[PDB]
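Numbering of ligands and ligand atoms starts at 1, following listing order. Here, residue 1 is the first one in the sequence, and each next residue gets the next number. Computation of the quantities below employed the complete heavy-atom set of this structure, encompassing side-chain atoms and omitting hydrogens, waters and symmetry-equivalent molecules.
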Amino acid sequence: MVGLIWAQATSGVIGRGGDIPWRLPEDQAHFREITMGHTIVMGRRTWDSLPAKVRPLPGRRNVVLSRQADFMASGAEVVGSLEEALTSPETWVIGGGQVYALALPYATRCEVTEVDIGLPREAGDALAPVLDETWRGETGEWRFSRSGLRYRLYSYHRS
Ligand SMILES: NC(=O)c1ccc[n+]([C@@H]2O[C@H](COP(=O)([O-])OP(=O)(O)OC[C@H]3O[C@@H](n4cnc5c(N)ncnc54)[C@H](OP(=O)(O)O)[C@@H]3O)[C@@H](O)[C@H]2O)c1
Ligand SMILES: O=C(O)c1cnn(-c2ccc(F)cc2)c1OCCCc1c[nH]c2ccccc12
Ligand SMILES: [Co+2]
């Protein structure tokens with residue numbers, strides 16, 4: 001099983017300038033729970049976004065996808081193809097926008113956090129993948145985060 005996991009604004013934005021224009025501390029803990037013990041696939045730009053003490057994220061097999069044959073990720077494995085990284089009974093692609101789409105053929109789970117932030121779409125932003133009509137969503141209750149933004153959890157599922 002390959003899953004995708006991301007947070008997004010009501011508009012689809014997941015990242016700008018190589019980072020995230022929000023931080024919900026509740027979102028970060030559902031990320032760790034959902035991924036703890038499994039494999040995480042990220043692109044080099046997203047690994048590049050993790051600070052040097054936080055990487056590799058703990059308790060997990062950190063796989064970085066990259067076209068540089070000689071790029072290094074201390075504590076992580078660097079694979080040149082997405083499907084090379086798919087070796088565990090549970091794989092979680094943790095972004096960003098380029099890998100969400102590339103991993104989207106392989107995925108049966110989409111855990112999406114929708115952040116009610118008015119963030120207009122802008123050039124160079126990374127986007128959540130467009131989920132086609134084969135995906136079936138469960139919708140949670142609207143919640144309040146301590147960062148002041150409200151959020152909600154979508155659980156898309158498909159055979
Ligand atoms: N939940 C969230 O809101 C969330 C989650 C994660 C990340 N983010 C945001 O996502 C944004 C970054 O996403 P991104 O779309 O800019 O870059 P990315 O998807 O993070 O990684 C892009 C890199 O992956 C490699 N790559 C791309 N296509 C490939 C392919 N077909 N085969 C092999 N390797 C390939 C290349 O590395 P080389 O150039 O080294 O080849 C490319 O530069 C950041 O802003 C981050 O904050 C947000
Ligand atoms: O998982 C961990 O063990 C962990 C602990 N601290 N941090 C961390 C949080 C913020 C930050 F700026 C640096 C490190 C972690 O990374 C996970 C954070 C959840 C997250 C939201 N969007 C993401 C995009 C890519 C990758 C992880 C995320
Ligand atoms: Co688990």
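Between the side chains of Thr108 and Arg158, no donor N or O sits under 3.5 Å from an acceptor N or O.
Here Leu50 has side-chain heavy atoms under 4.0 Å from ligand 2, and that is the only part of it that gets that close. If you look at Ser49 next to ligand 1, there are no close heavy atoms at all, none under 4.0 Å. At a heavy-atom cutoff of 4.0 Å, ligand 1 is contacted by the side chain of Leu102 but not by its backbone. Only the side chain of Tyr100 comes within 4.0 Å of ligand 1, counting heavy atoms alone; its backbone N, CA, C and O stay farther away. The backbone of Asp19, and not its side chain, has at least one atom closer than 4.0 Å to an atom of ligand 1 (non-hydrogen atoms only; backbone = N, CA, C, O). Here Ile20 has side-chain heavy atoms under 4.0 Å from ligand 2, and that is the only part of it that gets that close. For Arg60, every heavy-atom contact with ligand 2 shorter than 4.0 Å involves the side chain, none the backbone.
At a 3.5 angstrom cut-off on N or O pairs, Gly96 counts as close to ligand 1. Inclusion of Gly95 in the set of residues having an N or O under 3.5 Å from an N or O of ligand 1 is not warranted. Considering backbone and side-chain N/O atoms, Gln8 never comes within less than 3.5 Å of an N/O atom of ligand 1. Where the criterion is an N or O separation shorter than 3.5 Å, residue side chain and backbone included, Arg44 meets it with respect to ligand 1. Considering both main-chain and side-chain atoms, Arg23 never comes within under 3.5 Å of ligand 2 through any nitrogen or oxygen pair. The distance criterion of under 3.5 Å between nitrogen or oxygen atoms is not met by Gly15 with respect to ligand 1.
For ligand 1, the atoms closer than 4.0 angstrom to any heavy atom of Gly80 are 33 (C). Within ligand 2, the atoms closer than 4.0 Å to a non-hydrogen atom of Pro58 are 3 (O), numbered from 1 in the order shown. In the vicinity of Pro51, heavy-atom distances shorter than 4.0 Å reach the ligand 2 atoms 13 (C), 14 (C). Atoms of ligand 2 lying under 4.0 Å from any heavy atom of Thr46, numbered from 1 in the order shown and given with element: 25 (C). Those atoms of ligand 2 that come under 4.0 Å of a heavy atom in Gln28, given as number and element, are 9 (C), 10 (C). With ligand atoms numbered from 1 in the order given, ligand 1 contributes 19 (O) to contacts under 4.0 Å with heavy atoms of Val99.
For the pair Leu153/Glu114, no side-chain contact is recorded, criterion being any heavy-atom separation below 4.5 Å from C-beta on.
Remark: the backbone N or O of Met1 is not paired with any side-chain donor or acceptor of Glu90 at under 3.5 angstrom.
Counting protein heavy atoms under 4.0 angstrom from atom 1 (N) of ligand 1 gives one or more.
Closest to atom 29 (C) of ligand 1 among all protein heavy atoms lies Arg67 NH2, 3.9 Å. Among protein heavy atoms, atom 24 (O) of ligand 1 sits closest to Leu65 O, 3.6 Å. Of the protein's heavy atoms, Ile94 O, 2.9 Å lies nearest to atom 6 (C) of ligand 1. Looking only at protein heavy atoms, the nearest one to atom 7 (C) of ligand 1 is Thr46 OG1, 3.3 Å. At the shortest separation from atom 48 (C) of ligand 1 among protein heavy atoms lies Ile14 O, 3.1 Å.
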Practice task
Evaluate the side chain to side chain contact (heavy atoms under 4.5 Å, CB included) criterion for residues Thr35 and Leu57: first the C-alpha distance (whole Å), next the side-chain angles of each, then the deciding distance (0.1 Å), finally the verdict.
Solution key: CA-CA 10 Å; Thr35 66; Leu57 312 187; 5.9 Å; no
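Counting only non-hydrogen atoms, the option in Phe31, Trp22, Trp47 that gets closest to atom 19 (C) of ligand 2 is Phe31. When the heavy-atom distances from atom 8 (C) of ligand 2 to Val54, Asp19, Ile14, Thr113 are ranked, the shortest goes to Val54.
Under the 4.0 Å criterion applied to side-chain N and carboxylate O atoms, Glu141 and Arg152 are not assigned as salt-bridge partners.
Look at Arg32 and you'll find every heavy atom at least 4.0 Å from all atoms of ligand 2.
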